[PDB]
């Protein structure tokens, strides 16, 4: 399992978007190897070198942090709600790996809540990312308000314990975004949005009743959350859906889902693999943990 993950140790480089594309593989590979305990089969001496590359990616990313605590590809470009939420998502997972500045992370979380969350709980993207390949299933844009609100809310839930004391509006922001998702869940048509909003709601104990029935029923052959289209999006959605199954403590439906994800033999990679690499390894490392 670890011999195929050597290509994931990437030296981060480039502007605000490219830095997070290059940073992503190294971060989740260290996280997968710590949890699954495969550092003896990979190379024990290589862990320190990987942390320095993650610190290198973290420090280079701060060159793109705007006076508003928001992120964009370049400093003179309008900040991206998706990019800021993604930075919050990678830094939330890298707190155990490298030293993350709490003001940098909690400033971004507070900017998302104060600037980009609409009064109805919906997160708004007013300046999309140039690299559309790094957003995964969000690219279709079919149900933009529902899928982007699930994405940002997942990032806020992962940064909740770190920023609860610095961002006083975080608790209420999380429930307001979860209210919108819960109210419009049963009308979702895309299997990708069922899995990303399913997990966002599962994180706050609201994936239950008819919402839990629709979530488990959109799974084709009780193993995958497949949408007719991209095989990269299906791996990403089934990873968000596996993280919801573990959160629900439903260790009855989990075995054939993990079986399918393993049967794919997905090891990350370059072009377009940002969300599928981050999510397939976050979900497989969590399955091993639970």
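Numbering follows the first chain given and starts at 1. Only the largest set of C-alpha atoms that superpose within 1.5 Å between the two forms is called the rigid core.
Root-mean-square C-alpha deviation from the shown form, taken over all structures in 7 other deposited structures of this protein superposed by the rigid core, is larger for 263-271 than for the alternative among 276-284 and 263-271. With each structure aligned by its rigid core, the stretch whose Cα atoms sit farther from this model in 7 other deposited structures of this protein, between 135-143 and 183-191, is 135-143.
Of the two segments examined, 43-51 and 241-249, it is 43-51 that shows the higher average Cα temperature factor in the deposited entry. Higher average CA B factor: 260-268, of the stretches 28-36 and 260-268. You'll see in the entry that, of 220, 131, 89, 116, the Cα B factor peaks at 220. Taking the PDB entry at face value, the top CA B factor among 175, 124, 168, 157 belongs to 168. When all modelled residues of the chain are sorted by CA temperature factor, residue 142 is found within the highest third. When all modelled residues of the chain are sorted by CA temperature factor, residue 104 is found within the middle third. Ranked against the other modelled residues of its chain, the C-alpha B-factor of residue 78 as given in the entry falls in the middle third. Sort the chain's modelled residues by C-alpha temperature factor and residue 162 lands in the highest third, per the entry. Placement of the Cα temperature factor of residue 60 within the chain: middle third of the modelled residues, per the deposited record.
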